[PDB]
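# Observations on chain architecture
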Amino acid sequence: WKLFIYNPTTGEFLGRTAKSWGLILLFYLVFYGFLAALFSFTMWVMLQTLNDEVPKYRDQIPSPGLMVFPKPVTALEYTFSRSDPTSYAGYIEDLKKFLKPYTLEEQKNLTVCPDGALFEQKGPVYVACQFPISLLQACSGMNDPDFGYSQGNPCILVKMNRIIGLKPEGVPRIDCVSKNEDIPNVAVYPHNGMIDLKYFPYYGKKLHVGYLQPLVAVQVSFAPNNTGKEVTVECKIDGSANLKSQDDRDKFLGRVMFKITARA
Amino acid sequence: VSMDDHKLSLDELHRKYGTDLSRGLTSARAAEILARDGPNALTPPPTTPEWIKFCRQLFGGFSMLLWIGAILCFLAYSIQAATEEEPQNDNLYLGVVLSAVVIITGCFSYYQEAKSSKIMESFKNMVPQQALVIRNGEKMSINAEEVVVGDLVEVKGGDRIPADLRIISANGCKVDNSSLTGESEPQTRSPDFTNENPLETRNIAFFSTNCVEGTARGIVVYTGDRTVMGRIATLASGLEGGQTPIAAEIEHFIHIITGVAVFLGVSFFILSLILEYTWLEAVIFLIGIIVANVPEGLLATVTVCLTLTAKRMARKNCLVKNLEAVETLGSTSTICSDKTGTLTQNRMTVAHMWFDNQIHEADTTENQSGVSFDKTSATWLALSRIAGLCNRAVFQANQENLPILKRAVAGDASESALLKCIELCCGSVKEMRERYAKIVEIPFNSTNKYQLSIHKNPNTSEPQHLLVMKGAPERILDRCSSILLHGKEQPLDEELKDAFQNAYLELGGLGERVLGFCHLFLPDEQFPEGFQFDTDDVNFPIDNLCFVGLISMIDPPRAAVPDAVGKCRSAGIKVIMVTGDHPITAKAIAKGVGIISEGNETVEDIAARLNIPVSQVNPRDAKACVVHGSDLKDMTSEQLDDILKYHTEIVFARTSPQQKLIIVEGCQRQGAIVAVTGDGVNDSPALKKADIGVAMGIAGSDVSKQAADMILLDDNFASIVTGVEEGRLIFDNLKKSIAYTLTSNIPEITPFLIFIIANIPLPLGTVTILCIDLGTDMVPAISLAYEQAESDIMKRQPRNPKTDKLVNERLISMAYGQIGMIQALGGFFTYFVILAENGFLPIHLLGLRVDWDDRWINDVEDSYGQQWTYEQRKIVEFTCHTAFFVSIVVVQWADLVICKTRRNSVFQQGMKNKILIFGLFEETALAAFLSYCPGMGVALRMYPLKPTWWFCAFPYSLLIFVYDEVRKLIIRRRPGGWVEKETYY
Amino acid sequence: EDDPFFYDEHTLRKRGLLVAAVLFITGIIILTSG
Ligand SMILES: CCCCCCCC/C=C\CCCCCCCC(=O)OC[C@H](COP(=O)(O)OCC[N+](C)(C)C)OC(=O)CCCCCCC/C=C/CCCCCCCC
Ligand SMILES: CCCCCCCCCCCCCCCCCC(=O)OC[C@H](COP(=O)([O-])OCC[N+](C)(C)C)OC(=O)CCCCCCCCCCCCCCCCC
Ligand SMILES: CCCCCCCCCCCCCCCCCC(=O)OC[C@H](COP(=O)([O-])OCC[N+](C)(C)C)OC(=O)CCCCCCCCCCCCCCCCC
Ligand SMILES: Nc1ncnc2c1ncn2[C@@H]1O[C@H](COP(=O)(O)OP(=O)(O)CP(=O)(O)O)[C@@H](O)[C@H]1O
Ligand SMILES: CC(C)CCC[C@@H](C)[C@H]1CC[C@H]2[C@@H]3CC=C4C[C@@H](O)CC[C@]4(C)[C@H]3CC[C@]12C
Ligand SMILES: CC(C)CCC[C@@H](C)[C@H]1CC[C@H]2[C@@H]3CC=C4C[C@@H](O)CC[C@]4(C)[C@H]3CC[C@]12C
Ligand SMILES: CC(C)CCC[C@@H](C)[C@H]1CC[C@H]2[C@@H]3CC=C4C[C@@H](O)CC[C@]4(C)[C@H]3CC[C@]12C
Ligand SMILES: [Mg+2]
Ligand code: NA
Ligand code: NA
Ligand code: NA
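Residues numbered from 1 in each chain as written, not as in the entry; some residues may be left out. Chains lettered and ligands numbered in written order. Heavy atoms only, no water.

For this coordinate set, the PDB header names cryo-EM as the determination method and states a resolution of 3.1 Å.

Below you can see the structure in the form of structure tokens.
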């Protein structure tokens, strides 16, 4: 409109700036302060009813998911060149950072546990069983600095999602099969794809201090004959009925699909 | 087509049609002609087919925008189906729901409009046009449909022409030819042939035209659709034109809100495309936001309000031409009403008398004996002679076997009472009038305020001319130099002048209409027996008459007028009394009906009490005034405002028909919506100039009925109180409905803004956005149109159309700043509760947006160390969306309850609106069905709520209810304070 | 023995549908009340 902001006359900025504007701003400030106080108090009362050790509901996450590591730049597509040190540098750095707690130097505090038996903890100490990185052969830092890259044999860590109080029945096992007519050789360095029961159950970040989740490493052996070829690797949980893997709604429920492309 | 009787003489007129120029055709002949020809009614043309109106409802308003929404949903689903195998069906169900909503809204609006139109059309025929035909010599009132070819009608001022008339005898007849000529200037009708073209000659009536002044008599030549108006394709009445102020407010609000909604939709669409939204998702979000912000249920609310008003007008016998105009009646702040026919029963009888310098009393009805004074008095004989000779009214046909007090009449009320009294205490007026031949008469009009008649003298004295006059007592007395006392004529001196003044004070203070009578014996030498008198020429000496006496007639006020006027004054409406009668009678009637309340006094009254001159009294000491018509003539525009401003109770007297229009302009100049209640022809311009015009349905003239916007068929003055109440109710219901729809907008747009800013997972999606808009803002907002009137609807002052609009800053401030924010807070609290109960504490949610929405990151970690896949956390997010929708229904329950009233509590206005309870129950049932029905997790991504998640929004709903109740309590306890200045919308 | 990762969805949906139907019927009844 025209003017309506002029300093003269009782009307300034569509009203009275000295009195009307001040009073309405004060009323809005008080109203919104009371609203914010009520919102904060209501959330505080809600948070008083929660437990910091275990979530109130776990029915929305009944089965674990399989996720690969490190996460590629675009949609689980590992694209790298053996001739370019910078193509796979990010993967090497991320793997080194992730596997730092798994080194023998770091996890000396953790205790060794008997294999093959589910290790339940009722005691409040909640010790964490140690996972020796040596189980991942040729996919650890000790064998070579780069985790199989620059040689045509990249390492991909297949980690299983953590769920509090999950007790996988039977013997869990992650099997990986290459969909590229099985031309390359897919190797899982832990025997078969075995995941030991001594790590489960998970008791949460608060209680179960220093947990080291089981890891599975897969090397896609790219032959020197074929270069510039893309291979799809399908991994899923097999040996345990408690862990669901045949689900169509979710493509990552006990299952993962990733593609590796080597260049030069 | 030019073949008429305009150029034919009277000799061949009788032969061609077989009807006497004076007597006319007989009743049997008229019945035979009607049976041969048919009725005098135009064939009603079918305007539009019924489902053409249905399509207009379907594609009218925001329904078209919802149509584009549905088409876009279907197109997006088609693209998804063509592209990706087994796509999501959310778009398909969304388009289906949108189309169903559009169809249901359209059919509901069509049904309500059909009901309203049926009520109006059926109730419009309740006022039949009446024609004053002449049959078998006598004249009688007959329905205008029965008019045939051949009969002759007696049309006077204020009556529309029944059909094409070949005028043979006119007395100053002028008609309004605005339909053909295109001007409002009256055209004089005279029997003489003037122009070869019938359209230009002035001896023919063209049907559907209004006779402004004078009366004429003519034979019907063309009837039905054969008339001149029938030939032209354009209809005579046509359609009403003009945009109602409430309609203008609706249009402006719709434009503003649509612009705001489109801007918000486009901004959100661009922001979504920035934040890695797919094109189809962005388009669906665009249409969802745009549909959410617009109030597409507003038009149905307006139609429902109009239909309810039509219901309530029909029961009160109020005929409203345009249902939107009732809101103007509710907004009325001043009512201008005339005395005779509106504030009074218009059934007057002769009550008091004054001649021979003494006040006589006469029995109004059922005397059943000789009159108290002697009928042998020469003065009484002269007065009766003048009353009989000057009267124009004649008795109806075949009513000679019933008492005179029950005999029907054809003239005005005053002439009717004079005729009844003369018949009662005199001889037979028919033979008395036949004894004294009529030569020339000037019909009564408000400009001259008198009626003149010339009669021959067959007595022993033979002046051969009798100049009898009747009119306003004061005006004629100024034209008289002699007065007849006890049969003897003496010059009029000051003693008899002030004796007449005190006598009229005695008569005028009883609320009685009074007329004056005079006669003059014209000399033989001045005018011989073979003399022609012209109405345009003065000829005979109009002045220098001989005064005789006064007739005082009791005219009681209508029964419902006092209470209705009291209610109007208690509603903040200033009722102004404007009339052409004497100030004394006008003031008496004003005090009787309550215009001038007791205790209030005029300047003249104050001066009389204080014995000081009127000029000494300060005008401001009197809050009531009686402005004479003579003073208003020389009164300037500025001075008119002072009286209409300083005085609370104003009475106008002796006002000409144009002075009523002047007063209407003066009242409107002060920014006031005026209502004029006029029934006679003299109120034609005021009725058209007023914001709302009211005409009486029985005694009102045809021109006044045409010019008025509202017609009272029952002649009940309480109908005006009902009309203003229903206009106020329309405004209140519309304002309540608009406020409810606006609050939901903040809960629908806030989640996306917080999503962008705080980078938390999305609290509300498109499907739940549209579920809030359709589920909570259609049936509940419409039901707010069924809300009954508050207790204090008629106790509040009329709304000022300048400062108070349908949507203002206080309504927007309320609905957006306070209620909308509380609703958004409730939704966000339920969001945080669900996300925390599943493992994602509120602090952990900040910054999860990139990782949460990443389809390939399937190890999103919550606060407890668990890792979630993409689908697993998406189920939780969609449960949060469903509970956000549910939480908005719970808070909206409180908003519907608080909207129910504007100042009163819900305790004072009980839950007697069954439509509103139905809306609450249906929206709640819809929310429960959407949450808990199997297959909704695939159809629309809605998942069941755990039982305790329904109560997360309860404290905010209670907060809304309590805050609004205490705010309304502050409004009532402290009126005019800061809270009312800012919150009261 | 209470088991995590499991919720009585079928009972919840059945009770919710019953309440939705009851509210629907009551809304119809209150609408056509006389
Ligand atoms: C437009 C509407 C927007 C609504 C949403 C607002 C934005 C929300 C976005 C981010 C807020 C995230 C949460 C903030 C608090 C995080 C830190 C926290 O976790 O806090 C803890 C405290 C006390 O908890 P504890 O340690 O005892 O629990 C421990 C229980 N164990 C141990 C079992 C877990 O919890 C508390 O105090 C509660 C603190 C809540 C602070 C809310 C501040 C924002 C509110 C805004 C509303 C304003 C309304 C008017 C708007 C006007 C706009 C013009
Ligand atoms: C990051 C991207 C942006 C964030 C997300 C999207 C946010 C945008 C939210 C919607 C904005 C809509 C603002 C409407 C304001 C009111 C206007 C209106 O129609 O008023 C009616 C009225 C018309 O009323 P009227 O004409 O009937 O009354 C005139 C007054 N009398 C009675 C005297 C005649 O507007 C006016 O002319 C008067 C009120 C002032 C209007 C201006 C208000 C401030 C506008 C601020 C706009 C900010 C936009 C920010 C965009 C950011 C983009 C990066
Ligand atoms: C990042 C922040 C994002 C914030 C987004 C906020 C979303 C706001 C949504 C729109 C709210 C306003 C709706 C207006 C509807 C008006 C309807 C109507 O008919 O009005 C006629 C009426 C006419 O009323 P009236 O005639 O009584 O007005 C005359 C005024 N007096 C009497 C004082 C002379 O107009 C209004 O009511 C206008 C209300 C004022 C609107 C104020 C808007 C303020 C700006 C809001 C935030 C915008 C973004 C700012 C930050 C940008 C950062 C880059
Ligand atoms: N038929 C008639 N013949 C002669 N004089 C008449 C008359 N009818 C009314 N009068 C006088 O002329 C005046 C008519 O003025 P006007 O027509 O403006 O007001 P009114 O008499 O119609 C009262 P209202 O305004 O309520 O209809 C009245 O005061 C009355 O005294
Ligand atoms: C505003 C003042 C006067 C009263 C405050 C009432 C508050 C404290 C009450 C009313 C409604 C209640 C909430 C209702 C629903 C739930 C969800 C449930 O899973 C945990 C408890 C929780 C989160 C409640 C917390 C406490 C609560 C918010
Ligand atoms: C949470 C963030 C992202 C959005 C917040 C929107 C808020 C700040 C906006 C949206 C609508 C706005 C209100 C719209 C109307 C009015 C009326 C005016 O006379 C005073 C300001 C007031 C009350 C505005 C205050 C600011 C407001 C409440
Ligand atoms: C119509 C309005 C005024 C009142 C409606 C109250 C409704 C919305 C609320 C109040 C209490 C709620 C119920 C509380 C407990 C249960 C049991 C659970 O196994 C199914 C959900 C169900 C049945 C809830 C459904 C919704 C509910 C019925
Ligand atoms: Mg009149
Ligand atoms: Na809305
Ligand atoms: Na809407
Ligand atoms: Na709303």
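This paragraph deals with the coordination of the sodium ion (ligand 10). Each donor-metal-donor angle would ideally measure 109.5 degrees in four-coordinate tetrahedral geometry, or 90 or 180 degrees in six-coordinate octahedral geometry. Residue and element names in this part refer to chain B. Distances from the sodium ion (ligand 10) to its protein donors, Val-294 (O), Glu-296 (OE) and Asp-773 (OD), fall within 1.9 to 2.9 Å. The metal-metal distance between the sodium ion (ligand 10) and the sodium ion (ligand 9) is 4.7 Å. One end of the pair, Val-294, is in the loop between helix 8 (279–293) and helix 9 (298–315); the other, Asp-773, is in helix 27 (residues 766–777), with 479 residues separating them in the sequence. Taken as a pair, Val-294 and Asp-773 share a single burial class, namely buried. (Donors = N, O, S within 2.8 Å, 3.2 Å for Na, K, Ca; no water. Helix = DSSP H or I, 4+ residues; strand = E, 2+ residues; numbered from the N terminus. Buried < 20%, exposed > 50% of the residue type's maximum accessible area, 1.4 Å probe, protein only.)

Next up on the list: the interface of chain C and chain A. Each side of the interface is counted separately: chain C has 4 residues, and chain A has 8 residues. Here chain C packs against chain A, burying approximately 450 Å² in sum over the two surfaces, 73% of which is carbon and sulfur. Together, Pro-4, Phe-5 and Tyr-7 of chain C form the three largest contributors to the area buried by chain C at its contact with chain A, with a combined 97%. Remark: the boundary between chain C and chain A carries 0 salt bridges. By residue class, the composition of the side of chain C that touches chain A is 4 nonpolar, no polar and no charged. (Contact = heavy atoms within 4.5 Å. Buried area = accessible area lost by both parts, 1.4 Å probe. Salt bridge = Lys/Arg side-chain N within 4 Å of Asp/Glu carboxyl O. Nonpolar A, V, L, I, M, F, W, Y, C, P; charged D, E, K, R; others polar.)

Attention now goes to the site of ligand 7. Near ligand 7 you find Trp-893, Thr-924, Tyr-932, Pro-947, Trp-950 and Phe-951 of chain B together with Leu-12, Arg-15, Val-19 and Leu-23 of chain C, and these make up its full shell. Mapping the residues near ligand 7 onto chains gives chains B and C. Contact with the protein chains removes 71% of the 610 Å² of surface that ligand 7 exposes when unbound. Mapped by element, the contributors of at least two residues to the shell around ligand 7 are helix 33 (914–932) of chain B together with helix 1 (9–31) of chain C. In terms of residue count, helix 1 of chain C provides more of the shell around ligand 7 than any other element does, 4 residues in total. (Near = heavy atom within 4 Å. Areas by Shrake-Rupley, 256 points an atom, 1.4 Å probe, with all protein chains shown as cover.)

Residues and elements named next belong to chain B. Axis separation between helix 3 (residues 50–58) and helix 5 (residues 90–124) bottoms out at 8 Å; the angle between their running directions is 130°. Here helix 3 lies oblique to helix 5, going by the angle between them. The handedness of the crossing between helix 3 and helix 5 comes out as right-handed. Residues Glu-50, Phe-54, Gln-57 and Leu-58 of helix 3 form the contact with helix 5, whose participating residues are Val-102, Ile-103, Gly-106, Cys-107, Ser-109, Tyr-110 and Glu-113. Grouping the constituent residues of the contact of helix 3 with helix 5 by class yields 6 nonpolar, 3 polar and 2 charged. (Axes fitted to C-alpha atoms, helices over the stretch in contact; angles between N-to-C directions. Parallel < 35°, antiparallel > 145°, perpendicular 65-115°, else oblique. Left-handed = near helix turned anticlockwise from the far one by under 90°.)

By definition, the strands of a sheet pair up through backbone hydrogen bonds, in either a parallel or an antiparallel sense. Residues and elements named next belong to chain B. Strand order in the open sheet formed by 8 strands is 7-23-22-21-8-18-20-19, and the pairing between neighbours is mixed. The sheet is open, and its two borders are formed by strand 7 (318–320) and strand 19 (624–628), each paired with just one other strand. If you compare each strand with its neighbour and ignore which way they point, the axes differ by 20° on average. By the bridge criterion, 5 bridges tie strand 19 to strand 20 (residues 649–653) in an arrangement that is parallel. Looking at strand 20, one finds that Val-626 is bridged to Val-651. This element, helix 18 (residues 583–593), spans strand 18 (574–578), strand 19 and strand 20 of the sheet and lies at about 145° to strand 20. (Pairing = 2+ DSSP bridges.)

On to helix 27 of chain B. Residue and element names in this part refer to chain B. For helix 27, which comprises 12 residues, the first-to-last C-alpha distance of 16 Å matches the rise-based estimate of 16 Å (1.5 Å per residue) to within 8%. The buried count for helix 27 comes to 12 of 12 residues, which makes it a mostly enclosed element. Turning to helix 27, its buried residues are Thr-766, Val-767, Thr-768, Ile-769, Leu-770, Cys-771, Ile-772, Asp-773, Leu-774, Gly-775, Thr-776 and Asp-777. (Expected span 1.5 Å × (residues − 1).)

This part covers a negative patch on the surface. Residues and elements named next belong to chain B. Negative charge collects at one region of the surface, where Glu-462, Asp-524, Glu-525 and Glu-529 lie side by side. Locating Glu-462 in the fold gives a position in the loop between strand 12 (450–455) and strand 13 (466–471). Looking at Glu-462, the relative accessible area reads 46%, which means it is partly exposed. (Patch = residues over 30% accessible without salt bridge, like charges linked within 9 Å, V, L, I, M, F, W, Y side chains within 5 Å. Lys, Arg positive; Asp, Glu negative; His and termini not counted. Charge placed at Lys NZ, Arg CZ, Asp CG, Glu CD.)

Turning our eyes to something else, we now look at the coordination of the sodium ion (ligand 11). Residue and element names in this part refer to chain B. For the sodium ion (ligand 11), the full set of protein donor atoms is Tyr-740 (O), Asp-777 (OD), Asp-777 (OD) and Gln-892 (OE1), at a range of 2.2 to 3.2 Å. Along the chain, the residues that donate to the sodium ion (ligand 11) are spaced as Y-x36-D-x114-Q. A separation of 5.6 Å is found between the sodium ion (ligand 11) and the sodium ion (ligand 9). Residue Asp-777 is found in helix 27, and its partner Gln-892 is found in helix 32 (residues 870–899); the two are separated by 115 residues along the sequence. Since its relative accessible area comes to 4%, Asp-777 is described here as buried. A residue is classified by how much of its surface remains accessible, and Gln-892, at 0% relative accessible area, is buried.

Let's shift gears to the environment of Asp-151 of chain B. Residue and element names in this part refer to chain B. In this fold, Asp-151 is placed in the loop between strand 2 (139–143) and strand 3 (152–155). Taking the C-alpha atoms as reference points, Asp-151 and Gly-18, 133 residues apart in sequence, are found 9.6 Å from one another. Leave out the neighbours within four places in its chain, and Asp-151 touches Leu-25, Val-133, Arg-135, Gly-218, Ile-219 and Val-220. A polar side-chain atom of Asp-151 sits 3.4 Å from the main-chain amide nitrogen of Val-148. (Polar contact = N/O pair within 3.5 Å; in protein donor to acceptor, adjacent residues only side chain to side chain.)

So, on to the nonpolar core. Counting 213 residues, the largest nonpolar core has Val-68, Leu-157, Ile-174, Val-256, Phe-258 and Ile-260 of chain A together with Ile-595 of chain B as its most contacted members. Sorting elements by how many residues they give to this core places helix 29 (residues 809–837) of chain B first, with 15 residues. Judged by nonpolar contacts, the second largest core, of 31 residues, contains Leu-477, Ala-503, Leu-507 and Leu-545 of chain B. (Core = buried A, V, L, I, M, F, W, Y, C linked by side-chain atoms within 4.5 Å.)

This brings us to the domain arrangement of chain B. All names here are of chain B. Its domain assignment divides chain B into domain 1 (250–294), domain 2 (315–343 + 557–724), domain 3 (349–554) and domain 4 (744–985). A separation of 50 Å is found between the C-alpha centroids of domain 2 and domain 4. Each partner contributes to the interface: domain 2 provides 11 residues, whereas domain 4 provides 7 residues. Of the roughly 710 Å² buried at the junction of domain 2 and domain 4 (both faces included), carbon and sulfur atoms supply 53%. Summed over the shared surface of domain 2 and domain 4, the number is 1 salt bridge. For the salt bridge of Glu-327 with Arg-799, the shortest nitrogen-to-oxygen distance reads 2.4 Å. Linking domain 2 to domain 4 there are 1 residue pair in polar contact. (Domains from an automatic or database assignment.)

Another aspect to go through is the packing of helix 4 (residues 63–83) of chain B against helix 5 of chain B. Residue and element names in this part refer to chain B. Relative orientation of the contacting elements helix 4 and helix 5 amounts to 160°, with a least axis distance of 8 Å. Relative to helix 5, the element helix 4 lies roughly antiparallel. Handedness of the crossing formed by helix 4 with helix 5: left-handed. Contacts between helix 4 and helix 5 involve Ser-63, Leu-66, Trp-67, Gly-69, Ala-70, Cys-73, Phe-74, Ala-76, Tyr-77 and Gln-80 from the first element and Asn-91, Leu-92, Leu-94, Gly-95, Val-96, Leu-98, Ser-99, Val-101, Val-102 and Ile-103 from the second. A breakdown of the residues in the contact of helix 4 with helix 5 according to their chemical character gives 14 nonpolar, 6 polar and no charged.

Time to look at the interface of chain B and chain A. Taken residue by residue, the interface counts 40 residues in chain B and 48 residues in chain A. A combined buried area of about 3900 Å² lies between chain B and chain A, and 63% of that area is made up of carbon and sulfur atoms. Applying the counting criterion to the chain B and chain A interface returns 3 salt bridges. In this structure, the salt-bridge partner of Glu-861 of chain B is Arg-162 of chain A, at a minimum N-O distance of 3.3 Å. Scanning the region where chain B abuts chain A turns up 12 residue pairs in polar contact. Elements represented by at least two residues in the side of chain B that touches chain A include exactly helix 29, strand 25 (867–868), helix 32, helix 35 (954–973) and helix 36 (978–982) of chain B. For the side of chain B that touches chain A, the element with the most residues is helix 29 of chain B, which contributes 12 residues. Tallied by class, residues from the side of chain B that touches chain A come to 21 nonpolar, 12 polar and 7 charged.

The next point concerns unusual backbone geometry. Residue and element names in this part refer to chain A. Here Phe-69 and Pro-70 are connected by a cis peptide whose omega angle stands at 0°. For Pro-70, the location among the structural elements is in the loop between strand 1 (66–69) and strand 2 (77–81). In this model, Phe-200 is joined to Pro-201 through a cis peptide bond whose omega is 0°. Even without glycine at this site, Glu-181 takes up a positive phi of about 55°. Along the chain, the position of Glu-181 falls in the loop between strand 4 (174–178) and strand 5 (185–188).

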